[PDB]
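# model this:
(one chain, ligands or ions: 1)
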Amino acid sequence: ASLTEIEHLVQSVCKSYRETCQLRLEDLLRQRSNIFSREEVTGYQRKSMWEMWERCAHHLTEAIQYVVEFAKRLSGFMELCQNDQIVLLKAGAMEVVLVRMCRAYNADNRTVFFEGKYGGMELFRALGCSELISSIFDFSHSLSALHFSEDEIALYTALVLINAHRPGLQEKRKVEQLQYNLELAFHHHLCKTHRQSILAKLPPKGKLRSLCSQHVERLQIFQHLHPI
Ligand SMILES: C[C@H](NS(=O)(=O)c1ccc(-c2sc(C(=O)NCC(C)(C)O)nc2C(=O)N2CCC(F)CC2)c(Cl)c1Cl)C(F)(F)F
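Residues are numbered from 1 along each chain as shown. See below for the structure:
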């Protein structure tokens with residue numbers, strides 16, 4: 001409850017994210033001028049749907065690994081038992097990756113950084129999931145409008161994992177104390193930087209929750225599955 005303890009928690013989380021961000025934000029915004037050509041896009045469209053589900057799955061798997069390298073660098077998440085740890089990632093791991101996607105999204109041209117270059121949503125037409133593709137560009141566009149900073153995404157994605165409202169938690173009371181200590185540090189950082197406005201413009205939890213459930217439902221059929 002100490003001010004020093006709260007600030008030390010903000011600093012800790014912001015660094016655990018700076019070390020497991022997969023890509024440097026200084027480079028994601030520097031690559032936006034590198035858009036796919038009309039020929040390179042046609043290559044991604046003629047590809048078989050199995051070829052695309054296999055590529056994207058390697059991307060999501062790799063991304064979910066960083067979200068784990070990030071979760072481990074939290075002095076408080078490791079204090080949870082083997083079971084509670086698995087619960088929070090199994091439910092939250094993918095949701096955090098979906099939040100981190102707003103970084104690689106270009107709100108101007110409505111493109112996303114996919115494999116070295118930025119490309120529109122018609123680049124993934126081979127999947128046949130015309131509707132699912134939109135829910136990502138939509139969810140990412142709303143977050144890219146807020147101008148999410150690295151520390152805000154780090155603090156936000158941290159509150160998506162540590163959530164005492166996850167089913168099957170053994171040390172549920174211990175998760176609440178951790179969730180509060182993060183919710184408190186999240187408010188404190190928005191005051192230091194005068195960012196109280198974004199609190200009422202974030203995606204209502206459950207939307208991010210239901211959105212993720214819709215993608216796994218489609219994802220499982222082609223590639224499996226849980227995953228670790
Ligand atoms: C059924 C699908 N959903 S999905 O299977 O569950 C799925 C699969 C992969 C990713 C991730 S994570 C991630 C990352 O952080 N770093 C890696 C980079 C890209 C920087 O090289 N990249 C990606 C990615 O390649 N794509 C492909 C284009 C999409 F438009 C956005 C996501 C995610 Cl977010 C999801 Cl949702 C879908 F997309 F069809 F709906």
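# contacts, neighbours, all on C-alpha from now
OK.
# Mind listing what's buried along stretch 85-103?
Neighbour counts over stretch 85-103 (16 or more other CA atoms under 10 Å) mark 85, 87-89, 91-103 as buried.
# and the residues you listed, which of them are in helices?
Under the assignment DSSP state H, these contribute 85, 87-89, 91-100 to helices.
# and those as JSON lines, adding distance to residue 212?
Below are those laid out as JSON lines (distance: CA to CA, whole Å):
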{"residue": "85", "distance to residue 212": "19"}
{"residue": "87", "distance to residue 212": "16"}
{"residue": "88", "distance to residue 212": "14"}
{"residue": "89", "distance to residue 212": "13"}
{"residue": "91", "distance to residue 212": "10"}
{"residue": "92", "distance to residue 212": "9"}
{"residue": "93", "distance to residue 212": "10"}
{"residue": "94", "distance to residue 212": "7"}
{"residue": "95", "distance to residue 212": "6"}
{"residue": "96", "distance to residue 212": "10"}
{"residue": "97", "distance to residue 212": "10"}
{"residue": "98", "distance to residue 212": "8"}
{"residue": "99", "distance to residue 212": "10"}
{"residue": "100", "distance to residue 212": "13"}
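# of those, list those near the ligand.
The subset of those within reach of the ligand, by CA under 6 Å from any ligand atom, is 97, 98.
# Figure out the helix or strand that the residue in the chain sticking out farthest from the centre lives in.
Distance to the chain centre peaks in the chain at residue 39, reaching 30.3 Å (criterion: CA atoms, centre = their mean). Take DSSP states H and E as the rule and residue 39 turns out to sit in helix 38-46.
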